[PDB]
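> Protein chains in written order, with the deposited numbering: chain D, 1 to 204, 276 to 290; chain C, 1 to 204, 276 to 290; chain A, -4 to 246; chain B, -4 to 246. Can you read through this structure? Questions will come right after.
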Ligand SMILES: Nc1ncnc2c1ncn2[C@@H]1O[C@H](COP(=O)(O)OP(=O)(O)OP(O)(O)=S)[C@@H](O)[C@H]1O
Ligand SMILES: Nc1ncnc2c1ncn2[C@@H]1O[C@H](COP(=O)(O)OP(=O)(O)OP(O)(O)=S)[C@@H](O)[C@H]1O
Ligand SMILES: [Mg+2]
Ligand SMILES: [Mg+2]
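Right, here's the structure in full:
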């Protein structure tokens, strides 16, 4: 998963500008920036939901990429469990019951997994959506604010679970997220995106780093 | 805005159970609880999006209630500014240009206010949605995770702005939200909801209070 | 109070405003104009090698058909817009507003119907200005308005109720189209087949779906006393049901 | 590799699985069965006071009409499901998958068409078991399958392309219905009016929308060599376009 000279604009609005990216033997890379900078855009380019990025996206298509972008995507009139089975069979290799269970109980979604998604709360949908992405047993996982709607405990358990999994599976994880405190729990580096390019590569608060870099936009 | 003996269930799932609520001359009331407890449900009952709550919802209908529940609601093919004007004219009293501008620039959404909503990021949509609610120049404001997708600075400026406004307008604000740190910025009390009822009334970290109360569910 | 009435009207204004800004509206108008001009020019003035004299009544009926369909789709969009964008959640917060929402939409439906009738009038006036034939009575155009108002309001409120009942939009557009194009299809396909054929056919005069759809391609109309009453009564009950329903349905 | 093929088929299986679980499917089947039984019982065996002898061909054509419409709506739902739930975003991540998505849906459309043809067959067999008349040739039922496959695949892929072009679902259901019920409406309404009436009518034999829709109510069919080729060629190009388009469209 490498990005070389990626440039992307919407009409006159340049979002990405000659932006490069890689995983320097790191596993967990956080992505930090202000709203309107383009974090989702970068992720979409990597996922491959964009084909007009004027640059090179280096992906060995042999590999699977799991992801969650913006609001969760689920089939509303079906159960949570149904969605997990479907995606495992459809986007993934097949449905691995043991794997699935570890995620369900680790996240603690068990009590409502058999209920229809339309009856789920926003938080519940996100816990499920993360699991849906994980069900592909991917190597590259790309998450757009994965804990955006999670409660304090949900966030910790989900993030912890993913970190365990990156060793079980040879994964590389990109997490774009506010709540720098969550990135600080699970990370080994973070990159700060501003004005279409990376400004800092921080190897390892992130909050102080963030403000130092971005506060002057508005202030 | 008072709630007396509110009880609400979905089939066998009781969400609220004889729950009472008021504003004891307070202005900013935070609402804290785990995902699946029912914070949105309470807010919907107050907003009046639910009419099957088996209890008394005491609202002087003379007053306006502004609100934001779950994901932001906007007309996608219209500009941000368009939506503000529409709602001010439609749900509010009328469109107050000066008021509108103070909110737009305080939030810092100005650079994209004339662009179509479908071109907005999740963060941008939330900043706008909060403003949309505020445009009713309401007395009661009910916000469901108002800073859920905001960046660190966005959250601070938006929350600060609202606090200023509660004096300009005689408001009462209910904020249901994760990011206890944001509640701690703007609050004068918080209530902890668990198992369909209030457990603590905390008058004024909230994070420590939260865990003490809820950690045992899963742990 | 007038403040309530004002807020209701402000919503109406926005829905109509939207109609007059979208390029789609303008396209639809041009399409109708083109089709009418086409019929006039291609054969009305030439099929029998007449001295350029035409039957405005043929044009009139065709224009009506087209505008009623386009109109109904405009009505459906007006109805479903808030379900589609999810913005309905921002309106249905209390009974006064919930009721006002229904009122606003009802008014918008009426105004849409008026707009379409005005378009119809204009298209035909241009045709009359353009060629020879005895001009149609002003009063005929007026009755045509009445037809538009009734047709569209009946279907509009009916579909509105369904929209609110199911909270789906795809099936509202589908029903609008389906109902319009099914009556004229099915009548001659099988009505004559059963021993009750005559009974069924006569029955259609008392069923608004059947008689309102059938009259969409008529050059004129005259509703029987029953038929007139039934249609109007149907409109009133749908309006009432929409209110009773919105007042109770969780959003 | 077979792994790719397997994933494509797994998606197909889920779409068909859904069809066989929703109560709506079962309702639609019962409605068709009821309508056919009704025609047989009410007049086919009684209108002319025959000794209970009926024309299966009349039943056959009616059943086809109903099943093709229901079928087309099933096809549209199959097509639009991912746009509706937004789940399409989880599929279109790379070319191999994007292409596989089109392939999967194409297969699902074919299987839906087969299912509907099987239903048609069964309903008519029951009718033949029930009353008197000369049974229809097995080969007639087989040709009817071919009609179903072509009709539905043509419309399905066409609508699919539109769905992907616009990323809207309301208008796909609308077009499905509209197109089906417009051809039989418009033909006798105005085809005969222009000096080009005969030209236009003949032209319909070379326009799949017109001839495929018209044959929906025929008791039999025989496509001309051109008509046969044109329809099949149209299917092939739509399939190709869907692939070329999905490979480039941002999601
Ligand atoms: N479909 C679109 N059309 C036009 N502009 C767009 C579109 N999608 C995104 N943009 C713009 O692209 C810029 C970056 O968008 P995103 O990638 O969504 O932002 P982000 O870094 O993910 O920020 P968030 O949503 O607040 S985490 C913003 O200025 C958007 O207005
Ligand atoms: N439409 C619905 N049908 C059935 N159950 C529902 C529905 N909406 C909510 N619930 C259930 O009601 C409970 C509380 O729901 P909410 O009010 O959405 O929760 P919450 O306190 O706002 O939590 P969040 O979304 O994570 S802040 C959960 O157990 C939900 O599964
Ligand atoms: Mg984003
Ligand atoms: Mg919630």
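No residue lacks a Cβ here, since even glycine has one placed at the ideal position from N, Cα and C.
Contact between the stretch 54 to 67 of chain C and the stretch 122 to 139 of chain C is defined here as three or more beta-carbon pairs at a separation below 8 angstroms; is this criterion met?
Contact holds: three or more Cβ-Cβ distances are below 8 angstroms.
> Could you tell me which of C/102, C/29 and C/204 sits nearest to residue 157 of chain C, measuring between CA atoms?
For the purposes of this step, residue 157 of chain C is taken as residue 157 along the second chain, with counting starting at 1. Residue 157 of chain C has its Cα closest to that of C/102, out of C/102, C/29 and C/204.
> The alpha helix (DSSP H) that contains residue 139 of chain A, what's its start and end?
Your numbering for residue 139 of chain A matches position 144 in the third chain. Its alpha helix (DSSP H) spans residues 133 to 161.
> Sorted by chain position, which residues of the same chain lie with C-beta nearer than 8 angstroms to residue 40 of chain C's C-beta, five sequence neighbours on each side aside?
Residue numbering aside, residue 40 of chain C sits at position 40 when the second chain is read from its first letter. Same-chain partners within the cutoff: 69, 70, 144 and 176.
> When you compare only the Cα positions, how much space is there between residue 212 of chain B and residue 59 of chain B?
The residue you call residue 212 of chain B lines up with position 217 of the fourth chain. The residue you call residue 59 of chain B lines up with position 64 of the fourth chain. Computed Cα separation, rounded: 7 angstroms.
> Comparing alpha-carbon positions, which option in A/204, A/37 and A/163 lies nearest residue 229 of chain A?
On the third chain, position 234 is the one that residue 229 of chain A refers to. Per the Cα distances, A/204.
> Just to confirm before moving on: does the CB-CB distance between residue 26 of chain A and residue 147 of chain A stay below 8 angstroms?
The count along the third chain starts at 1 and reaches residue 26 of chain A at position 31. The count along the third chain starts at 1 and reaches residue 147 of chain A at position 152. Result no, Cβ atoms of residue 26 of chain A and residue 147 of chain A do not sit closer than 8 angstroms.
> Helix, strand or coil for residue 29 of chain C, going by three-state DSSP, please let me know.
Residue mapping note: residue 29 of chain C aligns to position 29 of the second chain, counting from 1. Of the three classes helix, strand and coil, the one that applies to residue 29 of chain C here is strand, per DSSP.
> Return the first residue and the last residue of the beta strand (DSSP E) that residue 172 of chain C is part of.
Locating residue 172 of chain C in the second chain gives position 172, where the first residue counts as 1. Where residue 172 of chain C is concerned, the enclosing beta strand (DSSP E) stretches over 172 to 176.
> Please tell me whether residue 2 of chain A and residue 95 of chain A are closer than 8 angstroms, where the distance is taken between their beta carbons.
In the third chain, residue 2 of chain A corresponds to position 7, counting from 1. In the third chain, residue 95 of chain A corresponds to position 100, counting from 1. Yes, the pair counts as a contact, with Cβ atoms nearer than the cut-off.
> Name the DSSP beta bridge partners of residue 19 of chain C, please?
For the purposes of this step, residue 19 of chain C is taken as the residue at position 19 of the second chain. Residue 19 of chain C is bridged to C/6.
> With C-beta atoms as the reference, is residue 171 of chain D less than 8 angstroms away from residue 128 of chain D?
Residue 171 of chain D sits at position 171 when you count from the first residue of the first chain. Residue 128 of chain D sits at position 128 when you count from the first residue of the first chain. Cβ atoms of residue 171 of chain D and residue 128 of chain D: not closer than 8 angstroms.
> Return the bridge partner residues of residue 197 of chain D from the DSSP annotation.
Indexing the first chain from 1 puts residue 197 of chain D at position 197. DSSP output for residue 197 of chain D lists D/194 as bridge partner(s).
> With the cut-off set at 8 angstroms, would you say residue 96 of chain D and residue 88 of chain D are in Cβ contact?
Here residue 96 of chain D refers to the residue found at position 96 when the first chain is read from its first residue. Here residue 88 of chain D refers to the residue found at position 88 when the first chain is read from its first residue. Cβ atoms of residue 96 of chain D and residue 88 of chain D: closer than 8 angstroms.
> For residue 41 of chain A, decide whether its Cβ has a neighbour in chain B, counting only Cβ atoms nearer than 8 angstroms.
As a working note, residue 41 of chain A is residue 46 in the third chain. Residue 41 of chain A counts as touching chain B.
> Measuring from the CB of residue 184 of chain C, is there a heavy atom of ligand 4 at a distance below 7 angstroms?
On the second chain, position 184 is the one that residue 184 of chain C refers to. Outside the cutoff, so no.
> Is the CB-CB distance between residue 196 of chain A and residue 186 of chain A below 8 angstroms?
Taking the third chain and counting its residues from 1, one reaches residue 196 of chain A at position 201. Taking the third chain and counting its residues from 1, one reaches residue 186 of chain A at position 191. Yes, the pair counts as a contact, with Cβ atoms nearer than the cut-off.
> Taking any Cβ of chain B, which residues in the stretch 37 to 63 of chain D have a Cβ under 9 angstroms from it, in chain order?
Answer set for the stretch 37 to 63 of chain D: 44, 47, 48, 49, 50, 51, 52, 59 and 61.
> Does any CB atom of chain C fall closer than 8 angstroms to the CB of residue 88 of chain A?
Position 93 of the third chain, counted from the start, is the residue given in the question as residue 88 of chain A. Yes, residue 88 of chain A lies at the interface with chain C (some Cβ there is under 8 angstroms from its Cβ).
> So that I know if they touch, is there some Cβ in chain B lying closer than 8 angstroms to that of residue 179 of chain A?
Taking the first residue of the third chain as position 1, residue 179 of chain A is located at position 184. Yes, residue 179 of chain A lies at the interface with chain B (some Cβ there is under 8 angstroms from its Cβ).
> Could you name the residues of the same chain whose beta carbon sits closer than 7 angstroms to that of residue 92 of chain D, not counting the 5 residues immediately before and after it, in chain order?
For the purposes of this step, residue 92 of chain D is taken as the residue at position 92 of the first chain. Hits under 7 angstroms: 135, 136 and 137.
> Does any residue of chain A bring its CB to less than 8 angstroms from the CB of residue 15 of chain C?
Within the second chain, residue 15 of chain C is the residue found at index 15, counting from 1. No - not a single Cβ of chain A is within 8 angstroms of the one on residue 15 of chain C.
> According to DSSP, is residue 197 of chain B part of a helix, a strand, or is it coil?
Translated into positions along the fourth chain, residue 197 of chain B becomes position 202. In the structure shown, residue 197 of chain B sits in a helix (DSSP, three-state: H, G or I).
> Does residue 182 of chain B come within less than 8 angstroms of chain D when only Cβ atoms are used?
Translated into the one-based positions of the fourth chain, residue 182 of chain B becomes position 187. It does not: the Cβ of residue 182 of chain B has no partner Cβ on chain D nearer than 8 angstroms.
> Give the straight-line distance between the Cα atoms of residue 55 of chain B and residue 63 of chain A, rounded to the nearest whole angstrom.
Taking the fourth chain and counting its residues from 1, one reaches residue 55 of chain B at position 60. Taking the third chain and counting its residues from 1, one reaches residue 63 of chain A at position 68. Between residue 55 of chain B and residue 63 of chain A, the C-alpha separation is close to 34 angstroms.
> Any heavy atom of ligand 4 closer than 7 angstroms to the beta-carbon of residue 144 of chain C?
Numbered from 1 along the second chain, position 144 holds the residue referred to as residue 144 of chain C. Yes, ligand 4 has a heavy atom inside 7 angstroms of this Cβ.
> Count the other CB atoms within 10 Å of the CB of residue 5 of chain D; is the residue buried (16 or more) or exposed (fewer)?
Taking the first residue of the first chain as 1, we reach residue 5 of chain D at position 5. Residue 5 of chain D is exposed by the Cβ-count criterion.
> Counting beta carbon pairs with one atom in the stretch 43 to 55 of chain A and one in the stretch 83 to 97 of chain A, are three or more of them shorter than 8 angstroms?
Judged by Cβ distances under 8 angstroms, the stretch 83 to 97 of chain A makes no contact with the stretch 43 to 55 of chain A, as fewer than three pairs qualify.
> Using only the heavy atoms of ligand 4, determine whether one of them is closer than 7 angstroms to the beta carbon of residue 122 of chain D.
Within the first chain, residue 122 of chain D is the residue found at index 122, counting from 1. For ligand 4, at least one heavy atom lies less than 7 angstroms from the Cβ of residue 122 of chain D.
> Is residue 111 of chain A close to chain B? Criterion is C-beta to C-beta, closer than 8 angstroms.
For the purposes of this step, residue 111 of chain A is taken as residue 116 along the third chain, with counting starting at 1. By this cut-off, residue 111 of chain A is not an interface position.
> Who are the neighbours of residue 166 of chain C on chain A, taking C-beta pairs under 8 angstroms?
For this step, residue 166 of chain C is matched to residue 166 along the second chain. The contacting residues do not exist; residue 166 of chain C stays about 20 angstroms from chain A at best.
> Do three or more CB pairs link the stretch 108 to 115 of chain C to the stretch 113 to 129 of chain A at distances below 8 angstroms?
These segments do not touch.
> Given a cut-off of 8 angstroms on the beta-carbon distance, is the pair residue 148 of chain C and residue 47 of chain D in contact?
Taking the second chain and counting its residues from 1, one reaches residue 148 of chain C at position 148. Taking the first chain and counting its residues from 1, one reaches residue 47 of chain D at position 47. Not a contact, by the Cβ cut-off of 8 angstroms.
> Between residue 243 of chain A and chain C, is the shortest Cβ-Cβ distance under 8 angstroms, so that the two count as touching?
For the purposes of this step, residue 243 of chain A is identified with residue 248 of the third chain, where counting begins at 1. Answer yes: the Cβ-Cβ gap between residue 243 of chain A and chain C drops below 8 angstroms somewhere.
> Contact check, residue 200 of chain A vs residue 226 of chain A under 8 angstroms by CB: the rounded distance?
Locating residue 200 of chain A in the third chain gives position 205, counting from the first residue. Locating residue 226 of chain A in the third chain gives position 231, counting from the first residue. So it is not a contact: roughly 11 angstroms between Cβ atoms.
> Rounded to the nearest angstrom, how far is the Cβ of residue 194 of chain D from that of residue 203 of chain D, given a contact under 8 angstroms?
The sequence position of residue 194 of chain D within the first chain is 194, counting from 1. The sequence position of residue 203 of chain D within the first chain is 203, counting from 1. Actually they do not touch by this definition, with Cβ atoms about 18 angstroms apart.
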